[PDB]
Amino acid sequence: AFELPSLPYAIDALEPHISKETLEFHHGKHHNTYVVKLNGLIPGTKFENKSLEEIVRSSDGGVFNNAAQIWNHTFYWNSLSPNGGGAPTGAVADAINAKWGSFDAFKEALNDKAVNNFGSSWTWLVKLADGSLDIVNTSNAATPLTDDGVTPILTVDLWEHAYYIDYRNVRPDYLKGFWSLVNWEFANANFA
């Protein structure tokens, strides 16, 4: 059975960008729920023995929605850090410059993609087959994990539960918080 991964940092470590309360419901209830629902769904199917990633890459319907959300949220918690934020560094900063000319142009581009990602969704920084970076949006539980040759490097959860407590309807403010928390080390770890 799958388990709810621990949060990589204290429940208040993301303040004042993401609240202790948001983390309590988002990790504690939302993430958790996906884990208990999947655990309940797999027994008696050709999924009980397989990897979380294996399932996400070979299911649909309910099993997919749950397995993919578990994966996406775990990747999301890692995309933030009490020590992230600020300028990108290393290999990712460079690929960012190679593709968008500048960090600022990339940030504007991602913000644009995320603010207009309609409904429950995720906005991703990914690495394509050519080694170049790109930004892609997915709806609901969809994830670049199921794209052969497309490597996820960072994600931002845009479901309303991710920011409603702290920011209500204002996604731009939430995005300002994400940029104060973005984990460039996890990004570079994934890019390399």
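Quick note: we count residues from 1 along the sequence shown, nothing fancier.
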Residue stretch of maximal mean CA temperature factor, 38 to 46 vs 131 to 139: 38 to 46
Greater mean Cα temperature factor according to the PDB record, 26 to 34 or 48 to 56: 48 to 56
Residue of maximum C-alpha B factor among 150, 158, 165, 125, per deposited coordinates: 150
Looking at the entry's B-factor column for C-alpha atoms only, identify whether residue 117 ranks in the lowest, middle or highest third of its chain. middle
Would you mind ranking residue 145 by its C-alpha B-factor against the rest of the chain and naming the third, lowest, middle or highest? highest
B-factor third for the C-alpha atom of residue 70 within its chain: middle
Quick check on the deposited entry: does the C-alpha B-factor of residue 90 sit in the lowest, middle or highest third of its chain? highest
